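S.K.: only the shape, not the letters, is given here:
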Ligand SMILES: [Cu+2]
Ligand SMILES: [Cu+2]
Ligand SMILES: [Zn+2]
Ligand SMILES: [Zn+2]
């Protein structure tokens, strides 16, 4: 349970720290922190399956999908576990993240620890895109920066 | 929780990939490291998977049982204590280990933590001072990475 952290690094400008708290044990995770260098607007934000950075952000694999369902937004029953939808960058390209999710977890099974968190090139269409890609990645595009979700204090 | 891997990266020349296999049995830790200075190099697990301020924020060695620093085979050691990997003349350490004092799924879960490789030799604790009681006089943290689930 409780406290995690993930330094997001890439090959371009975007970088940021994302902290995770989980007070109880089987419940909701507050995700918060700050990411820079982004273009203004919406950006896909998910946990991928593998905390594998060998071949960069590519090695993280697909979205963390322990239930093997289809891609969706954070509020849809048919979602991926990694599916945290979007974060939002102001101008200055800064995205003060503040999310609360009750599917992802720091404890077990849905435990996203040692997994990869990705912020994307474009908006996540939350499964509503109307193509096959929209059901896999929500059309979020490249992976701008990523990091392995590790234990904190 | 059977396979893991870590990209040891550092703000210098030292860098390499390390793998982990498990099948509550032992763990095989293998891979290579390069850019090292020839000799023995301290190598092991710290407590926090926190790269926020670099290797520093990884904190003290992973020690679930509040004990003195040690070599992998001392009874008294930090669960994370791997002792040394040997960098051949070409700064290339061929790493292979089968520590059963660490695991990928336990209360000693090494997953989500930071693997670290050091300036100098892990004193394995017989260094004759306070410092070798904590770190084994292994010195500065030349590279690190978070241990994460591999495909
Ligand atoms: Cu993603
Ligand atoms: Cu160390
Ligand atoms: Zn998804
Ligand atoms: Zn130690």
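M.R.: Okay, I see it. Numbers count the residues shown, from 1 in each chain, chains lettered A, B, ... in the order given. Ligands and ions are numbered 1, 2, ... in the order given.
S.K.: and for the closest residue to ligand 4 within chain A, the neighbour number?
M.R.: In chain A, the residue that lies nearest ligand 4 is residue A:151 (17.0 Å; CB to the ion). Yep, even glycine has a C-beta here, placed from its N, CA and C like the rest. Residue A:151 has 24 neighbours, counted by other CB atoms under 10 Å in any protein chain shown.
S.K.: one more: residue A:27?
M.R.: 11.
S.K.: surely it is in a helix?
M.R.: No: secondary structure of residue A:27 (DSSP: H, G, I helix; E, B strand; the rest coil): coil, not part of a helix.
S.K.: what's near enough to touch residue A:144?
M.R.: Going by CB atoms under 8 Å, 6 or more residues apart in numbering or on different chains, residue A:144 touches A:10, A:12, A:14, A:37-38, A:43, A:57, A:118-121.
S.K.: try residue A:23
M.R.: Per CB under 8 Å, 6+ apart, neighbours of residue A:23: residue A:2.
S.K.: list the contacts of the residue nearest the centre of chain A.
M.R.: In chain A, the centroid-proximal residue (CA atoms, centre = their mean) is residue A:46; its distance is 2.2 Å. With contact taken as CB under 8 Å, 6+ apart, residue A:46 is in contact with A:63-64, A:80, A:82-84, A:117-118, A:120, A:124, A:140.
S.K.: which stretch of helix or strand covers it?
M.R.: strand A:41-48 (DSSP states H and E).
S.K.: who in chain A is up against chain B?
M.R.: Taking CB under 8 Å from any CB of the partner chain as the criterion, the neighbours of chain B within chain A are A:4-5, A:7, A:17, A:49-54, A:59, A:61, A:113-116, A:147-153.
S.K.: now the buried members of the residues you listed.
M.R.: Buried residues within the residues of chain A next to chain B, defined by neighbour count using 16 or more other CB atoms under 10 Å in any protein chain shown: A:4-5, A:7, A:17, A:49-53, A:59, A:61, A:113-116, A:147-152.
S.K.: what about residue A:1, how many residues nearby?
M.R.: Residue A:1, neighbours per other CB under 10 Å, totals 16.
S.K.: just confirm it contacts residue A:110, I think it does.
M.R.: No: the criterion here is CB atoms under 8 Å, and residue A:1 misses it with residue A:110 at 12.0 Å.
S.K.: distance of residue A:4 relative to ligand 3?
M.R.: Residue A:4 sits 20 Å away from ligand 3, going by CB to the ion, to the nearest Å.
S.K.: swap that for residue A:23, please
M.R.: From residue A:23 to ligand 3 the distance is 26 Å (CB to the ion).
S.K.: stretch A:89-103: end-to-end distance?
M.R.: End-to-end distance of stretch A:89-103 (CA to CA, to the nearest Å): 24 Å.
S.K.: write the ChimeraX selection for whichever of the contacts of residue A:46 are buried.
M.R.: Buried subset of the contacts of residue A:46, written as a ChimeraX selection, criterion 16+ other CB under 10 Å:
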select /A:63,64,80,82,83,84,117,118,120,124,140
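S.K.: tell me the secondary structure for the residue of chain A most remote from its centre?
M.R.: Centroid-distance maximum for chain A: residue A:130 at 22.0 Å, with CA atoms, centre = their mean. Secondary structure for residue A:130, judged by three-state DSSP, is coil.
S.K.: excluding its backbone neighbours, what's nearest whichever residue of chain A sits closest to ligand 1?
M.R.: Closest approach between chain A and ligand 1, counting by CB to the ion: residue A:46, at 3.4 Å. Leaving aside its chain neighbours, residue A:46 sits nearest to residue A:82 (4.2 Å; criterion: CB to CB, 6 or more residues apart in numbering or on different chains).
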